[PDB]
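To begin, one chain is listed below as structure tokens, in the form deposited without the partner chain.
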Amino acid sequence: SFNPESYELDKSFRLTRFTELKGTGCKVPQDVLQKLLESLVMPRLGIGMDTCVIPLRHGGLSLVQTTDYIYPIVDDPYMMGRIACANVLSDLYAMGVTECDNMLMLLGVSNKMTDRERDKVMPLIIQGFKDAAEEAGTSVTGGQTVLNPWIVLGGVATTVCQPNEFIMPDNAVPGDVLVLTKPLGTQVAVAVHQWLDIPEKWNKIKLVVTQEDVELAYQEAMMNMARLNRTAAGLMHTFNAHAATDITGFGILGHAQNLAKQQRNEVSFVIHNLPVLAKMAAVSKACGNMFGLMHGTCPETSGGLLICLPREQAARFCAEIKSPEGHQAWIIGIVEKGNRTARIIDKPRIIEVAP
């Protein structure tokens, strides 16, 4: 429902033009990252998870905060704004923190975009960011906006919590299960949407999926990426979640491993199946080692929460989230006595997910 025409722009405008897409995404890779950052009674959390937790000098309060930024991934500016904001907030929600006391916005304007575009397109993005922040029960009260070759979209989310408002991501025990609350394959969906404007590329998977399927995985990806994990965070309290992370840029497996290493208990995770936006596995599979959606290594953007739940609270949680109005969740695996690592079995079961 975005038409460049409907705004006095060239029919040819793509918001996705102001960055370069990569099957494996834009984040400095996990292992490279962990090396570059080597010098850097109340539970604290420093570098390594989704949020810091910084005990404050005042009254048993802790500072809980997070930052993130991405580049344009859909051509709908308003929705892209929602997504940039939802991605920022995703990480509070990984800590079960339902409230956001304040947001900041990180904005890059493309030095390649005309004034007309900027004054037309940027406001949609800002409205989108503001509206998601409003659903989140918070607001943007400062930020930074500079010229960059690419459109940069991010922000900061900070909460000053009492001890029970957050859940430390380390209480998993053998016999917990793994609940994922959004389907995988967002990167395939957005990229493959960009490929249809490009013959050479569209010729390749032309033989795998219809333009209709692609439009459909796109609207769906866009929908779920704009979806706040706020509800999922709240339900983690009710159903006694032991640990959670969210699935963003390092892919289902990278973040699963990252959660696994934080566990106090000697446990490991095994992922047995993967919910995936329909047709996207076949697409990833059709493009060799470009995405790797099958191996857990493909980037997600603003994915869902991966949650360690008591075996007996798992189904109640799924029930509740799906039928409050809500969106179905999936139990994808198990936690075991293990060495603090994560794996997807060799031949995982693909749960094809339809709109």
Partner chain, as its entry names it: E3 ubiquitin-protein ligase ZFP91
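Positions refer to the first chain, counted from 1.
Quick note: we don't show the form deposited with the partner chain bound, though the next part is all about it.
Visitor: Please name which of the stretches 75-83, 217-225, 270-278, 188-196 has residues with heavy atoms lying within 4.5 Å of the partner chain in the entry with it bound.
Guide: Correct option: 270-278.
Visitor: Tell me, yes or no, whether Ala286 is in contact with the partner chain in the entry with it bound, where a contact means a heavy atom of each within 4.5 Å.
Guide: Yes, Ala286 lies within 4.5 Å of the partner chain in the entry with it bound.
Visitor: Is there any non-hydrogen atom of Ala314 lying within 4.5 Å of the partner chain in the entry with it bound?
Guide: The answer is yes: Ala314 has a heavy atom within 4.5 Å of the partner chain.
Visitor: Quick check on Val177: any heavy atom within 4.5 Å of the partner chain in the entry with it bound?
Guide: Yes.
Visitor: Using a 4.5 Å heavy atom cut-off, state whether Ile331 contacts the partner chain in the entry with it bound.
Guide: The answer is yes: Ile331 has a heavy atom within 4.5 Å of the partner chain.
Visitor: Though the partner is not shown here, which residues of 333-355 have a heavy atom within 4.5 Å of the partner chain in the entry with it bound?
Guide: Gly333, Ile334, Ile345, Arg349, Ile351 sit within 4.5 Å of the partner.
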